[PDB]
Amino acid sequence: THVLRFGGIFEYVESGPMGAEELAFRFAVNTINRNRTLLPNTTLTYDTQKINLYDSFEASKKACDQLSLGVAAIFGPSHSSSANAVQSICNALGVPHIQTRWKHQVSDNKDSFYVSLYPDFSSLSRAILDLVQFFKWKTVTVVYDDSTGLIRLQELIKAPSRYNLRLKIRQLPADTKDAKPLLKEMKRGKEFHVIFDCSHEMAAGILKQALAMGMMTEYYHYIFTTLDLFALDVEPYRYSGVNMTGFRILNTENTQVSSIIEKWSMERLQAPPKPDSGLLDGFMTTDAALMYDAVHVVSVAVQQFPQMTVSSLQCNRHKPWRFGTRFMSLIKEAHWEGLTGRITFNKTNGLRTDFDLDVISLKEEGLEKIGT
Amino acid sequence: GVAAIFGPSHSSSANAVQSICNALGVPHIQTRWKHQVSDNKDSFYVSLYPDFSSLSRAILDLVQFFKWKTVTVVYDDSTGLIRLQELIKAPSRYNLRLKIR
Amino acid sequence: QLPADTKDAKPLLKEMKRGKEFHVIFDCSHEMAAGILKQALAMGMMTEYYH
Ligand SMILES: *[C@@H]1O[C@H](CO)[C@@H](O[C@@H]2O[C@H](CO)[C@@H](O[C@@H]3O[C@H](CO[C@H]4O[C@H](CO)[C@@H](O)[C@H](O)[C@@H]4O)[C@@H](O)[C@H](O[C@H]4O[C@H](CO)[C@@H](O)[C@H](O)[C@@H]4O)[C@@H]3O)[C@H](O)[C@H]2NC(C)=O)[C@H](O)[C@H]1NC(C)=O
Ligand SMILES: *[C@@H]1O[C@H](CO)[C@@H](O[C@@H]2O[C@H](CO)[C@@H](O)[C@H](O)[C@H]2NC(C)=O)[C@H](O)[C@H]1NC(C)=O
Ligand SMILES: *[C@@H]1O[C@H](CO)[C@@H](O[C@@H]2O[C@H](CO)[C@@H](O)[C@H](O)[C@H]2NC(C)=O)[C@H](O)[C@H]1NC(C)=O
Ligand SMILES: *[C@@H]1O[C@H](CO)[C@@H](O)[C@H](O)[C@H]1NC(C)=O
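Protein chains in written order, with the UniProt record's numbering: chain A, 33 to 404; chain B, 102 to 202; chain C, 203 to 253.
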């Protein structure tokens with residue numbers, strides 16, 4: 033009648049409540065319900081459960097609990113261990129499974145009811161590979177942190193088979209934040225061009241230890257992979273003369289979009305985020321930005337189909353959801369220029385391989401856009 | 102009611118049944134290599150297939166007894182690049198020139 | 203000469219970095235020597251080329 037119900041599975045915080053991706057999902061449902069102009073007949077409710085992100089069975093419990101309670105979509109357990117579990121819950125039951133962060137798609141996965149609003153690393157990799165040729169390099173050094181990130185950079189590893197690069201691949205130590213044994217080698221090894229593959233939490237920690245090593249002269253050039261380089265405290269580095277270069281998807285250029293981020297920080301007012309870390313405060317990460325888009329993309333789909341009755345499904349009984357294929361194809365065919373530019377999926381797999389990045393770089397006047 | 106589960110033998114479903122066996126306590130004896138995620142906090146699993154952290158140095162020893170200076174690693178699926186970590190990272194410490202296809 | 207009023211000697215050190223001067227014989231008190239040595243780090247003028 034006037035109610036639809038989205039699911040939700042998030043990490044269980046203990047110290048400091050309501051973590052980062054949970055706020056993005058709550059702020060999105062409240063926004064669409066408030067601004068009545070979009071979707072003007074039904075009100076969205078939510079059933080966010082909280083698990084550990086490294087338990088593929090605690091995820092499978094809370095997935096069937098939301099299926100028994102009755103939902104219309106599950107917005108991702110957001111980690112490669114339990115994402116593959118809840119995806120195959122949603123395939124047998126028929127319910128869509130909107131992911132929000134990249135995982136390893138196995139090449140023979142025969143599932144269909146999933147979309148991935150995080151940009152594919154089959155397209156980010158060629159965006160980096162284009163950017164190591166506009167700068168005309170012949171010797172790079174890919175540094176990653178966990179072993180899954182080597183699958184993230186396939187097209188950059190396979191690149192010296194067709195171009196003139198000379199790859200040298202290193203790995204950060206897994207346990208500590210002390211990568212000074214690594215950087216002493218790279219300073220001595222004459223490697224001035226680095227393509228770091230880290231999260232922005234670990235990218236700030238290397239960028240402080242690359243300053244204490246004196247490896248931040250005007251001879252170096254760091255390309256970061258993460259789409260959160262705009263949220264770095266780059267003020268200790270802006271005068272030195274380095275050229276950090278990264279991509280950026282979250283459109284700050286639009287006034288209608290940057291109004292949301294200004295309205296984001298007022299609920300983020302209760303956050304002293306320990307400013308001795310290296311992260312700017314009051315900025316919304318790109319992982320929370322995609323969850324705010326993922327609610328609106330499905331909200332476009334329910335607008336184009338008012339015949340949804342949220343039924344309750346059993347797991348132990350095997351029966352697909354009767355509005356499955358009708359509602360899933362509307363999600364794969366959608367457009368919504370929300371926070372992160374154009375959201376349009378790919379009809380073959382269901383991923384996102386068509387997006388609009390902004391190449392950002394470091395200058396003395398801050399961290400500025402130099403291309404698209 | 103069993104005492105052990107002898108592996109679903111593939112990287113998609115091995116990670117599922119491993120985390121079934123961790124919460125239930127039952128051992129999970131694997132029999133073929135998968136991608137161990139570096140932050141997996143499970144304990145009830147053994148892997149009788151030899152690790153590719155040790156096969157990789159066995160290959161890297163064998164490309165030096167033959168005294169090579171130019172190799173060409175060819176793999177088939179993308180998981181196999183994680184299989185050969187220590188051979189890709191090798192020209193940072195030796196005199197090889199890797200070309201990966 | 204350092205500016206007399208401020209502790210901001212970044213207009214000075216931008217010239218010395220650009221002027222290729224790698225050898226400096228600073229005459230300061232240790233209160234002001236610590237303040238220049240922090241601003242010589244934010245300018246990136248503390249590589250292994252300087253003395
Ligand atoms: C849905 O998703 C699928 C993925 O499965 C998309 O398919 C991919 O589409 C991209 C489009 O960019 C294809 O990219 C193309 O591949 C080239 C690779 O070079 C090969 O071929 C040349 C010449 O034959 C050889 O020399 C070489 O050795 C390789 O064998 C790339 O060079 C091109 O992409 C990029 O080119 C340059 C990079 O330097 C830049 O201009 C751009 O970054 C450009 O993107 C070329 O476009 C890719 O092969 C497809 N298949 C995959 C990944 O398996 C679908 O397109 C998508 N559907 C949509 C969007 O509707
Ligand atoms: C509430 O929704 C309405 C209807 O969309 C918004 O009005 C326009 O929204 C579109 C995109 O949704 C913008 O491109 C237009 O610029 C908006 N028109 C204006 C600003 O006159 C409205 O902006 C939404 N409310 C808020 C607070 O953003
Ligand atoms: C790498 O470093 C500099 C330092 O940020 C980049 O910026 C230029 O800095 C010089 C200082 O001598 C200014 O005169 C230029 O105007 C700056 N560039 C622009 C576009 O404003 C510089 O762009 C980078 N150079 C290379 C070759 O990568
Ligand atoms: C649904 O919303 C539209 C808005 O244009 C309205 O015209 C229509 O009457 C609504 N349907 C109802 C209230 O059943």
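Cβ coordinates follow ideal geometry from the N, Cα and C atoms, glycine included.
Inter-residue CB distance, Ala211(C) and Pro268(A) (contact presumed, cutoff 8 Å): For the purposes of this step, residue 211(C) is identified with residue 9 of the third sequence, where counting begins at 1. For the purposes of this step, residue 268(A) is identified with residue 236 of the first sequence, where counting begins at 1. The Cβ separation is near 17 Å, so there is no contact.
Buried or exposed for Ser297(A), please, with buried defined as at least 16 other CB atoms from any protein chain shown within 10 angstroms of its CB. Translated into positions along the first sequence, residue 297(A) becomes position 265. Burial call: exposed.
For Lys142(A) and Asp79(A), the rounded distance between their alpha carbons: As a position in the first sequence, residue 79(A) is number 47, starting the count at 1. As a position in the first sequence, residue 142(A) is number 110, starting the count at 1. Computed Cα separation, rounded: 28 Å.
Give the secondary structure of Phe355(A) by DSSP, where H, G and I count as helix, E and B as strand, and everything else as coil. Translated into the one-based positions of the first sequence, residue 355(A) becomes position 323. Note: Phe355(A) maps to coil in three-state DSSP.
I want to check one thing, is the minimum distance from the CB of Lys216(C) to the heavy atoms of ligand 3 below 6 Å? Walking along the third sequence from the start, residue 216(C) turns up at place 14. No - ligand 3 has no heavy atom lying nearer than 6 Å to the Cβ of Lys216(C).
Thinking C-beta only, is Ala105(A) closer than 7 Å to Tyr324(A)? For this step, residue 324(A) is matched to residue 292 along the first sequence. For this step, residue 105(A) is matched to residue 73 along the first sequence. No, the Cβ-Cβ distance between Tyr324(A) and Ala105(A) is not below 7 Å.
May I ask which residues mark the beginning and end of the alpha helix (DSSP H) holding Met323(A)? Stepping through the first sequence from its first residue, residue 323(A) is reached at position 291. Run containing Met323(A): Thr318 to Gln335, per the alpha helix (DSSP H) assignment.
CB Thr376(A) to CB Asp152(A), shorter than 7 Å? As a first step, residue 376(A) is located in the first sequence; it is residue number 344 there, counting from the start. As a first step, residue 152(A) is located in the first sequence; it is residue number 120 there, counting from the start. Not in contact: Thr376(A) and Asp152(A) (Cβ atoms no closer than 7 Å).
Interface residues of the region 234-250 of chain A facing chain C [CB-CB below 8 Å]: Contacts with chain C (Cβ-Cβ distance below 8 Å) from the region 234-250 of chain A involve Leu243, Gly246, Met248, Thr249 and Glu250, listed in chain order.
Within 7 Å, strictly: CB atoms of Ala115(A) and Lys135(A): In the first sequence, counting from the first residue as 1, residue 115(A) sits at position 83. In the first sequence, counting from the first residue as 1, residue 135(A) sits at position 103. Contact flag set, yes.
Just jot down, in chain order, the residues whose CB lies closer than 5 Å to any heavy atom of ligand 2. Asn67(A) and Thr69(A)
Relative to the C-alpha of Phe337(A), which residue among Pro305(A), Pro352(A), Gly356(A) and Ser193(A) is closest? Taking the first sequence and counting its residues from 1, the one referred to as residue 337(A) is at position 305. Out of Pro305(A), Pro352(A), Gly356(A) and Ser193(A), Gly356(A) has the C-alpha closest to the C-alpha of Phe337(A).
Alpha carbon to alpha carbon, how far is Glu187(A) from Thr277(A)? Give it in angstroms, no decimals. Working through the first sequence from its first residue, we reach residue 277(A) at position 245. Working through the first sequence from its first residue, we reach residue 187(A) at position 155. Each residue's Cα considered, the two are about 19 Å apart.
Supposed close pair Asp229(A), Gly181(A) - CB separation, criterion 8 Å: As a working mapping, residue 229(A) is identified with position 197 in the first sequence. As a working mapping, residue 181(A) is identified with position 149 in the first sequence. The Cβ separation is near 5 Å, so the contact holds.
Any beta-carbon of chain C closer than 7 Å to the one on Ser272(A)? Here residue 272(A) is taken as the residue at index 240 of the first sequence, counted from 1. It does: the Cβ of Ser272(A) has a partner Cβ on chain C nearer than 7 Å.
Between the C-alpha atoms of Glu396(A) and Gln119(A), what's the straight-line distance to the nearest angstrom? Translated into positions along the first sequence, residue 396(A) becomes position 364. Translated into positions along the first sequence, residue 119(A) becomes position 87. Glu396(A) and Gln119(A): Cα-Cα distance of roughly 46 Å.
Could you tell me whether any non-hydrogen atom of ligand 4 is closer than 6 Å to the CB of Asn116(B)? Locating residue 116(B) in the second sequence gives position 15, where the first residue counts as 1. Checking every heavy atom of ligand 4 against the Cβ of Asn116(B), none is found closer than 6 Å.
For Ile201(A) and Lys190(B), which I take to be in contact (beta-carbon distance under 8 Å), what is that distance rounded to the nearest angstrom? The residue you call residue 201(A) lines up with position 169 of the first sequence. The residue you call residue 190(B) lines up with position 89 of the second sequence. At roughly 5 Å, the Cβ-Cβ gap stays under 8 Å, so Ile201(A) and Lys190(B) are in contact.
Hey, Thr318(A) and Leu259(A): beta-carbon distance below 7 Å or not? As a working note, residue 318(A) is residue 286 in the first sequence. As a working note, residue 259(A) is residue 227 in the first sequence. Yes, the pair counts as a contact, with Cβ atoms nearer than the cut-off.
Taking 7 Å as the threshold (C-beta atoms), are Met234(C) and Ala242(C) in contact? Along the third sequence, one-based indexing puts residue 242(C) at 40. Along the third sequence, one-based indexing puts residue 234(C) at 32. Not closer than 7 Å, so no.
From the beta carbon of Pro205(A), is the nearest beta carbon of chain C less than 7 Å away? Taking the first sequence and counting its residues from 1, one reaches residue 205(A) at position 173. With its beta carbon at least 7 Å from every one in chain C, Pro205(A) lies outside the interface.
Pick out every residue whose C-beta is nearer than 6 Å to a heavy atom of ligand 4: which are they, in chain order? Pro72(A) and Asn73(A)
Decide if the region 42-55 of chain A is in contact with the region 71-87 of chain A; the criterion is three or more beta carbon pairs, one per stretch, under 8 Å apart. yes
What does the Cβ neighbour count give for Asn123(A), buried or exposed, with the cut at 16 atoms within 10 Å? The residue given as residue 123(A) occupies position 91 in the first sequence. The residue is buried, with at least 16 neighbouring Cβ atoms inside 10 Å.
Give the straight-line distance between the Cα atoms of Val138(B) and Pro205(A), rounded to the nearest whole angstrom. As a first step, residue 138(B) must be located in the second sequence, where it is residue number 37. As a first step, residue 205(A) must be located in the first sequence, where it is residue number 173. Near 14 Å, if we compare the C-alpha coordinates of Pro205(A) and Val138(B).
Does the beta carbon of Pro109(A) come closer than 7 Å to any beta carbon on chain C? As a first step, residue 109(A) must be located in the first sequence, where it is residue number 77. No, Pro109(A) lies away from the interface with chain C (no Cβ there is under 7 Å from its Cβ).
Assumed close pair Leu185(B), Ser157(B) - CB separation to whole angstroms, cut-off 8 Å: If you number the second sequence from 1, residue 185(B) lands on position 84. If you number the second sequence from 1, residue 157(B) lands on position 56. Sure, about 6 Å apart at Cβ, within 8 Å.
What residues in the region 66-90 of chain A bring their beta carbon closer than 8 Å to a beta carbon of chain B? Near chain B, meaning a CB-to-CB distance below 8 Å, the residues of the region 66-90 of chain A are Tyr86, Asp87, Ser88, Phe89 and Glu90.
Spatially closest choice to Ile183(A) from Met316(A), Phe38(A), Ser112(A) and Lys93(A), by CA coordinates: Walking along the first sequence from the start, residue 183(A) turns up at place 151. Of the listed residues, the one whose Cα sits closest to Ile183(A) is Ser112(A).
Below-7 Å beta-carbon distance, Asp178(A) vs any chain F residue: No chain F appears in this structure, whose protein chains are A, B and C.
Helix or strand or just coil, what does DSSP make of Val118(A)? Here residue 118(A) corresponds to residue number 86 of the first sequence, with the count starting at 1. Note: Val118(A) maps to helix in three-state DSSP.
Is there at least one Cβ from chain C nearer than 7 Å to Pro268(A)'s Cβ? Counted from its first residue, the first sequence places residue 268(A) at position 236. Cβ-Cβ to chain C under 7 Å: yes for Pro268(A).
Which first and last residues belong to the beta strand (DSSP E) in which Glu400(A) is found? In the first sequence, residue 400(A) corresponds to position 368, counting from 1. Looking at the DSSP string, the run of the beta strand (DSSP E) that includes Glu400(A) is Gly398 to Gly403.
How long is the line joining the alpha carbons of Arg220(C) and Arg270(A), rounded to whole angstroms? Position 18 of the third sequence, counting from 1, holds the residue named residue 220(C). Position 238 of the first sequence, counting from 1, holds the residue named residue 270(A). Approximately 16 Å between the Cα atoms of the pair.
Ligand 1 heavy atom lying under 6 Å from the CB of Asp143(A): The count along the first sequence starts at 1 and reaches residue 143(A) at position 111. Because no heavy atom of ligand 1 lies under 6 Å away, the Cβ of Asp143(A) does not count as near it: no.
Any idea which residues DSSP pairs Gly102(B) with across the strands? Here residue 102(B) refers to the residue found at position 1 of the second sequence. BP columns for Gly102(B) are empty, so no partner.
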